């Protein structure tokens, strides 16, 4: 069951040549990246304040960046969130009381 | 001209209970067709009262035994052999020949059901209305029998009046239990003055009033 | 190059003229028919804008005939009108309002028999495979084939079906008809209902011996969509009495984001017989995809109703 | 103009030197269905509506409207057919890698 | 339809002239003299007057307070009766009823008409799609539709997107706003969790006196909270 296909994104917060300011994008900015690929690939991200959040079938980096080490760590945390009921556990779901974050940070 | 009058005005009666009402005449009973002027009526929700027994001494066809049109002459007699949950309403006797149609005083009927505790479903005001300079806190009460209840719109535990009021439906078809809804109307200037907004409803079914509060800026 | 007077057998122009001048009469066709002969007015919505037409119209005269190149709905409404042995081989009708191949409405007691339509249909507000909405009327021995598209995302409700969109009537029902619709649409909200055979049936509306063959597609699964019928919940107060029934219905539809038999189930489902062959039947969002809702019967191939070849229109 | 813009914009890729612009806009009979008309195709695509012309539904539009003019089953089946005719002996994934301008890295 | 069709009413400013035509179809209005008796909103019926039958000399008499501004007539040829209203005032707002009397062949109860007398123009309602931001019921999802700032109280039809078993939509009577004679009322809906789990975003449809439907969208609340990690 590890041969599935799940997509992850970066934060859409593109930087500038002059100052280290990663301004957001809202499917309407003039950056050619969102004009050509991110735009036509229709899916809106909630643009959370902070923290890279998982959806259940996908994932989107929000505060971290996928090239760095912290990117990899949050990636492991994200896939623990995404592949919890079916992959890491033997088809059995979460424990009836414990929430999604129990399996995320302390272990796995 | 032919004045129709009714002594009873309002009453609560359980189903299957005999109720009797008499309407009197002050003038001649002559009609256009010569029959008695009186025409019985029963109010129904969502519409006007419907005729029950016209011509006075003639029982209208299709009318069940519950409503008795045996009244004749100046005096009349109408009964309610069994009461139905859908028979709630006001009863009119009136003359229909001459110019001054004189209706009876009317006897509103309410169906006697067991006291129930309403549920609470509060809704925070939408931010769109906040952009309009007004506010509306929705506090919902559902399917309770005792319509007699008082609603307090305590803004930061301070009751306000004259702008926010209540809205109560009528008896339900399924179970004849009223539902209550109240809306807190506050201007934006008053909205920013106040942080916590609370709805208080004092109801007989409620052992104690149930209040839900929203902090300003929840939405 | 000639016209007929005693009976309009020649041209669609004369037939439209006869419908308009004589909404109430008996009519018959005696030649091949093309609907592009008459010019469709932009303001006009139906080829016949009268209240009713084709009261006793038919194509029973000798060999059955067909009408070609339909650009807009044939009739505006039906009031006891009867259409017999009608055939449509080409259809491109489309309108932002309720668009249908033969009529927008049928108010009372309109019996439609041996009608077959072929072509592509489009619309926004509603689409009927034959009629957008019918009341207190029945259609039998019918069939439609073609492509249906109402993919607009507008929140306005549309009751869209492979034969009829909305069917509200105690005496109204569809019996023994074929729905070979290559339909794709966008269900959007639950108000918009999609049906392979009938979009929605209400007021104790029964469906007997009707089969859907073509594909049913709504891209987003939020709305109510069914392989045979969309839903049976009455628009009036909720009772199973007026919900209606489905009997002897088989769905080979490759329905996407929807069930093979009924889009919305009931606690008490009146549908006595549900037939579904080995097809695409499995299309936190747990229930967003169907898992053999009411289709897990008659998985093997079943005999098809044999009414298709006896149309004999050529 | 709208239909031509859409088809030219979303079909710039080239099978070797052969361009899919000219192969989708023109030669509709590349698979059969020789009775189709390219001008009618473009006109109908122009009048298909705002929802169809939307970039998020390119595959849906090809499957629902553009198809049955080229004789194809689906968009990806059509691209597979083009890759089988032009540029054979090269797997479709290799062609996609050599055609896209996005830096794609695959880790066995 | 099958009713006492009254025309020329609706919203109208005070001091204006309103012409009411109580039309009949399917029965002989000549054999049933038309009587107009108005009723206040939630109150009893208050007599106004009538015109007798054609055989009854078409006698016209008016109420003492209302006398001087009534032209009560009828036209049995077109199966219609006339009620004329002049010098409109706020007290004249009532549930006007033309009724058929003096006939045993026709006594079908008419639907009447709603006449509201106020110089304020009809105002489109402000449709606010309130969502249950707080916790939902254990087995049900509650979604409410709120409309405010609509002047005319004549039919306000609020209907929801889709319903089935276990859904009991509740609507409240109109409530007049204290300022501007406007009105404000809400609409409530109950939704099972299973329907919202698959999606089924509910849209609220509201109907005004003449304004078309406002099809606002209410995303039904089953959004899993994004497990955003706090900065470390």
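Protein chains in written order, with the deposited numbering: chain B, 1771 to 1878; chain X, 1 to 219; chain Z, 1015 to 1297, 1308 to 1338; chain U, 1555 to 1662; chain C, 1 to 232.
Each residue gets a CB set at the ideal place from its N, CA and C atoms; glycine is no exception.
>> If I follow the unbroken beta strand (DSSP E) through residue 75/X, where does it start and stop?
In response: Segment: none, residue 75/X is in no beta strand (DSSP E) and carries neither H nor E.
>> Can you tell me where the beta strand (DSSP E) holding residue 1118/Z begins and where it ends?
In response: 1117–1122
>> In the DSSP assignment, the alpha helix (DSSP H) including residue 195/C goes from what residue to what residue?
In response: Note, residue 195/C: alpha helix (DSSP H), 193–197.
> Using the beta-carbon count (16 or more within 10 Å), is residue 1559/U buried or exposed?
Replying inline: Per the 10 Å Cβ criterion, exposed.
> Going by C-alpha distance, which of 2/C, 19/C, 1/C is nearest residue 8/C?
Replying inline: 19/C
>> One question on the structure: do residue 1235/Z and residue 1312/Z come within less than 9 Å of each other, judged by their Cβ atoms?
In response: yes
>> Measuring only the C-alpha atoms, how far is residue 1570/U from residue 1587/U?
In response: 25 Å
>> Quick check on the DSSP output: the beta strand (DSSP E) that includes residue 1599/U runs from which residue to which?
In response: Residue 1599/U -> not in any beta strand (DSSP E); alpha helix (DSSP H) instead, spanning 1592–1600.
> Is there contact between the stretch 135–146 of chain X and the stretch 149–157 of chain C, where contact requires at least three CB pairs shorter than 8 Å?
Replying inline: No, the stretch 135–146 of chain X does not touch the stretch 149–157 of chain C.
> For a contact meaning CB atoms closer than 7 Å, what does residue 1198/Z contact in chain U?
Replying inline: 1618
> Smallest Cα separation from residue 1611/U: which of 1838/B, 1812/B, 1846/B, 1862/B?
Replying inline: 1812/B
> For a contact meaning CB atoms closer than 7 Å, what does residue 106/X contact in chain C?
Replying inline: 44
>> List, in chain order, every chain C residue whose beta-carbon is nearer than 7 Å to that of residue 1794/B.
In response: By Cβ distance, chain C contributes nothing, its closest Cβ being about 16 Å from residue 1794/B, past 7 Å.
>> Quick check on this structure: which residue in 1607/U, 1585/U, 1573/U has the alpha carbon closest to the alpha carbon of residue 1622/U?
In response: Selection 1607/U, 1585/U, 1573/U evaluated against residue 1622/U yields 1585/U as nearest (Cα-Cα).
> I think residue 1273/Z touches residue 1318/Z, with their Cβ atoms under 8 Å apart; what is that distance to the nearest whole Å?
Replying inline: 7 Å
> Mind pulling the chain C residues with CB within less than 7 Å of residue 1278/Z?
Replying inline: 164
> Tell me, which residues are paired with residue 1238/Z by DSSP?
Replying inline: 1207/Z
> With C-beta atoms as the reference, is residue 34/C less than 9 Å away from residue 70/C?
Replying inline: no
>> Any beta carbon from chain B within less than 9 Å of residue 230/C's own beta carbon?
In response: yes
> Opposite residue 168/X in the DSSP bridges: which residues?
Replying inline: 180/X
>> Run through chain U and tell me which residues come within less than 7 Å of residue 1172/Z, C-beta to C-beta.
In response: Listed by position along chain U, the residues whose Cβ is nearer than 7 Å to that of residue 1172/Z form an empty set, because the closest Cβ is around 14 Å away.
>> Cβ closer than 9 Å: which chain Z residues qualify as neighbours of residue 197/C?
In response: 1308, 1309, 1310, 1311, 1312
> DSSP three-state call for residue 1221/Z: helix, strand or coil?
Replying inline: strand
> Under a CB-based cut-off of 9 Å, is residue 1167/Z close to chain U?
Replying inline: yes
> For a contact meaning CB atoms closer than 8 Å, what does residue 83/X contact in chain C?
Replying inline: Result: empty, since nearest Cβ-Cβ is about 22 Å, beyond 8 Å.
> So, residue 84/X versus residue 44/X, is the Cβ gap smaller than 9 Å?
Replying inline: no
> So is residue 182/C in contact with chain X if we call contact Cβ pairs under 9 Å?
Replying inline: Residue contact with chain X for residue 182/C: absent (no Cβ-Cβ distance below 9 Å to any residue of chain X).
>> Beta carbons nearer than 7 Å to chain C: which residues of the stretch 1184–1218 of chain Z have them?
In response: 1203, 1204, 1205
> Out of 55/X, 54/X, 60/X, 50/X, which has the shortest C-alpha to C-alpha gap to residue 90/X?
Replying inline: 50/X
> Does the beta-carbon of residue 67/C have 16 or more other beta-carbons within 10 angstroms, so that it is buried, or is it exposed?
Replying inline: exposed
> Applying a beta-carbon distance threshold of less than 7 Å, which residues of chain Z neighbour residue 138/C?
Replying inline: What residue 138/C touches in chain Z: nothing, since even the nearest Cβ is about 17 Å away.
> In angstroms, rounded to a whole number, what distance separates the CA positions of residue 30/C and residue 76/C?
Replying inline: 5 Å
> Of all the CB atoms in chain X, is at least one closer than 9 Å to the CB of residue 113/C?
Replying inline: When Cβ-Cβ separations below 9 Å define contact, residue 113/C makes no contact with chain X.
> Can you list, in chain order, the residues of the stretch 208–224 of chain C whose Cβ is nearer than 7 Å to any Cβ on chain Z?
Replying inline: Residues passing the 7 Å Cβ filter: 215, 217, 224.
>> For a quick check, are the C-beta atoms of residue 195/C and residue 1280/Z less than 9 Å apart?
In response: Going by C-beta atoms, residue 195/C is not nearer than 9 Å to residue 1280/Z.
> If you run the structure through DSSP and keep just helix, strand and coil, what is residue 2/C?
Replying inline: coil
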